[PDB]
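Reviewing the structure listed below.
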Ligand SMILES: C/C=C1/C=[N+]2CCc3c([nH]c4ccccc34)[C@@](COC(C)=O)(C(=O)OC)[C@H]1CC2
Ligand SMILES: C/C=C1/C=[N+]2CCc3c([nH]c4ccccc34)[C@@](COC(C)=O)(C(=O)OC)[C@H]1CC2
Ligand SMILES: [Zn+2]
Ligand SMILES: [Zn+2]
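Chains as they are written, first to last, in the working numbering: chain A, 1436 to 1793; chain B, 1436 to 1793.
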């Protein structure tokens, strides 16, 4: 039984029946604190589109009962004997992944988010063979390598979506030189990831055009996020006028979409960075890719050193997500609103104040 | 009429009926020598898979009668007054493209193969509005910028496929750093482009594995081409054993094929360089691309300065294609054999000795 699996009792909300996707109160347990482990009392957990996709029963490989949530901000309540960088009582945050092989090139050179055996935030076995439970819970236990120090100047609630959506945008931009004034960057899709991509790029001095299928989002894009331009992707005149005008485009969409129009927007040798995870596959336009010498680049989150650097950057530049703070028993309705796009732009669950045992 | 369109008479073989793809003798004409033009008596024309794709009526944009062939080696018989770099009687070669806009960034910085208005080797209008006729003809006229000096020590017949297949492999490797010892390179498909990619990589000192669906090519791959290894892609054990072992893969296939297994062969941050142009669309597996931080990169031919550089490299390192020299009236049978992969590895038409007027 989940409550007997481990010595320390824990509780949260879980999808017990994968065919319905409904979360309900859930008792379970967490491993004892190892020598390099940190126990974290969870304060806030951001909700991302991957949580929704999991809840919609679209990831076969996940094990149920499923406790989702991978944007965790909390307080260290207990550290192992070998832990030194983090002290009890400190504000901390958890990476979007929980472990790596430790031996491959990526791990040894601190690029460990790209470990072939990276352990994702929930739903799969840990090193001890037990299924991981995510951030919609009262406490978690994480190896110290994957725990970050949360800046004092940063809102815990507004900073929580930085741990998956924020780092994905930040790393993709930093890794591919999309963080310098003079760059014209396009951001496709204005959801959680996209709205943070705009904020980070403005902080970098990058000129940003939001590329959207929702014309009512223009005002939010320009007035609230500070984008330099808004491109309605169904406007053939707007699209043709922007041909060859982008150095790079960051694609955040979780649905199937045509890639060829996006490649046409890029100048020769431009980059299309894919950070969204459509559940269905995409079609590759070979001729536009070849004739333009263009690149399709995948990116996923960021390494833990890059994540700490991002958190410090966000604190100094006051970069937070635009959030709605919700109680945990609102989670099923929030999932519906997230499915309809009725959120600007992130749900964050107040775990400390609204979660109680079953 | 094609013979009256221009002042100078010419002849070759053309697809007159695009629905059959059958070539037959064809009379036409070519423009007078402009100030910057070079008239070229064609000696040899390599046959590439794009010629086959054109004769199979798979490129809607091409105009007919269609004279294909874009791997031309010849002799300069006449130069414009302003031409200085090439003298009459010199052995020359033609780039796989015939013109560019001349104004964009790529043109002015000698990256003109990626000009958005590049004029391909045949079947589309030239600057004067007339359809271009390719290398399956007795002579051609080319602006001097797109004419190369052919090394004396290089076989004209064996060197002819360097002008499209050779430059595509060479440029893709040079542009993305796949030309240095220490790199483990995969070459998918052992056709015209693939077999030249192996030869160039061996000359660079790169370790090369040939990835093929035809096990009977193993001996030529290892003994004749000098590949370090041969991977049968339908052997699931062999494929699983090579997971994460490739720094980069060059995909030369002209047919639709699964790309996710190739992404699995790459290490994290690896590159899949696409140089083949399948007529039907390919499927992009986002999750493998996202998981590894991997790249899909398109590349097309090379710029003319790089082409001259490639030709000189081939002369000093004795790089030629493995060819069957054929007479022009064999072209329809050669297309059938090329369609079936029954050639090791390139057809080259002997134009000077076997082409006669209708
Ligand atoms: C930052 C979160 C995203 C979410 N999606 C879908 C794939 C995915 C990831 N975690 C998940 C948890 C539950 C269900 C699906 C996923 C993740 C985690 O990032 C890592 C491990 O470094 C990934 O890479 O899975 C290997 C990335 C990639 C894009
Ligand atoms: C060099 C190898 C060809 C073959 N294919 C198919 C596309 C193609 C090209 N020429 C053609 C002629 C007749 C029919 C189709 C084509 C070309 C030429 O390269 C250039 C202009 O620089 C290209 O890029 O077309 C923009 C490349 C790209 C890959
Ligand atoms: Zn590893
Ligand atoms: Zn140009």
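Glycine included, every Cβ here is placed at the ideal spot set by N, Cα and C.
Among the CB atoms of chain A, one or more fall inside 8 Å of the CB of residue 1725(B).
For residue 1659(B), the secondary structure class from DSSP, reduced to helix, strand or coil, is helix.
Close partners of residue 1613(B) in chain A (Cβ separation under 9 Å) are lacking, with about 15 Å as the shortest Cβ gap.
Across the structure, residue 1749(A) and residue 1567(A) are spaced so that their CA atoms are roughly 28 Å apart. Contact check between the segment 1676-1693 of chain B and the segment 1609-1623 of chain B: three or more CB pairs, one atom from each, fall below 8 Å, which counts as touching. Taking 8 Å as the cut-off, the Cβ atoms of residue 1523(B) and residue 1585(B) do not count as close. When CB distances to chain B are screened at a threshold of 8 Å, not a single residue of the segment 1649-1674 of chain A falls below it. Between residue 1549(B) and chain A, the shortest Cβ-Cβ separation is below 8 Å.
Put simply, the CB of residue 1436(B) is far from chain A, with every gap to its CB atoms at 8 Å or more. Non-local C-beta neighbours of residue 1545(A) in its own chain, meaning closer than 8 Å and more than five positions away in sequence, comprise 1738, 1739, 1740, ordered along the chain. A Cβ-Cβ distance of about 7 Å is found for the pair residue 1475(A) and residue 1529(A), placing them in contact under the 8 Å criterion. For residue 1436(A), the secondary structure class from DSSP, reduced to helix, strand or coil, is coil. Judged by beta-carbon spacing, residue 1562(B) lies within the 8 Å limit of residue 1534(B), meaning their Cβ atoms are closer than that value. Look at the segment 1723-1747 of chain A: the residues with a C-beta under 7 Å from a C-beta of chain B are 1724, 1725, 1726, 1727, 1728, 1729, 1730, 1731, 1732, 1733, 1734, 1735. Taking 8 Å as the CB threshold, residue 1627(A) stays off the interface with chain B. Taking a contact as a CB-CB distance under 8 Å, the pair residue 1478(B) and residue 1510(B) counts as one, their CB atoms being some 7 Å apart.
When the beta-carbon positions are compared, residue 1460(B) and residue 1448(B) come within less than 8 Å of each other. Pairwise C-beta distances place the segment 1701-1720 of chain A in contact with the segment 1719-1729 of chain B, as three or more of them are shorter than 8 Å. In the three-state DSSP reduction, residue 1610(A) falls in the helix class (H, G or I).
When C-beta distances to chain B are compared with 8 Å, every residue of the segment 1480-1496 of chain A stays at or above that value.
For ligand 1, no non-hydrogen atom lies closer than 7 Å to the CB of residue 1632(A). A residue is called buried when at least 16 other Cβ atoms come within 10 angstroms of its Cβ; residue 1503(A) meets this threshold and is buried.
Put simply, the CB of residue 1677(B) is far from chain A, with every gap to its CB atoms at 8 Å or more. In this structure residue 1541(B) is buried. Its beta-carbon is surrounded by 16 or more other beta-carbon atoms within 10 angstroms. Between residue 1793(A) and residue 1499(A), the CB-CB gap reaches or exceeds 8 Å. Contact note: residue 1541(B) reaches chain A through 1703, using a C-beta cutoff of 7 Å and chain order.
The three-state secondary structure of residue 1568(B), taken from DSSP, is coil.
Proximity of chain B to residue 1712(A) at the Cβ level (cut-off 8 Å) is accounted for by 1721, 1722, 1725, in chain order. According to the DSSP assignment, residue 1542(B) belongs to the alpha helix (DSSP H) that extends over 1540-1543. Remark: three or more beta-carbon pairs, one from each stretch, lie closer than 8 Å, so the segment 1775-1788 of chain A and the segment 1595-1609 of chain A are flagged as touching.
Of all alpha-carbon atoms in 1640(A), 1637(A), 1641(A), 1671(A), the one lying nearest the alpha-carbon of residue 1647(A) is that of 1671(A). Counted as a single uninterrupted DSSP element, the beta strand (DSSP E) harbouring residue 1584(A) occupies residues 1582-1584. Residue 1748(A) carries a helical assignment under DSSP once its states are collapsed to helix, strand and coil. Here the segment 1771-1780 of chain A makes no contact with the segment 1607-1614 of chain A; the two share fewer than three CB pairs at distances below 8 Å.
For residue 1440(B), there are no C-beta contacts with chain A under 8 Å, since the nearest C-beta of that chain is about 28 Å from it.
Secondary structure at residue 1692(A): coil, using DSSP grouped into helix, strand and coil.
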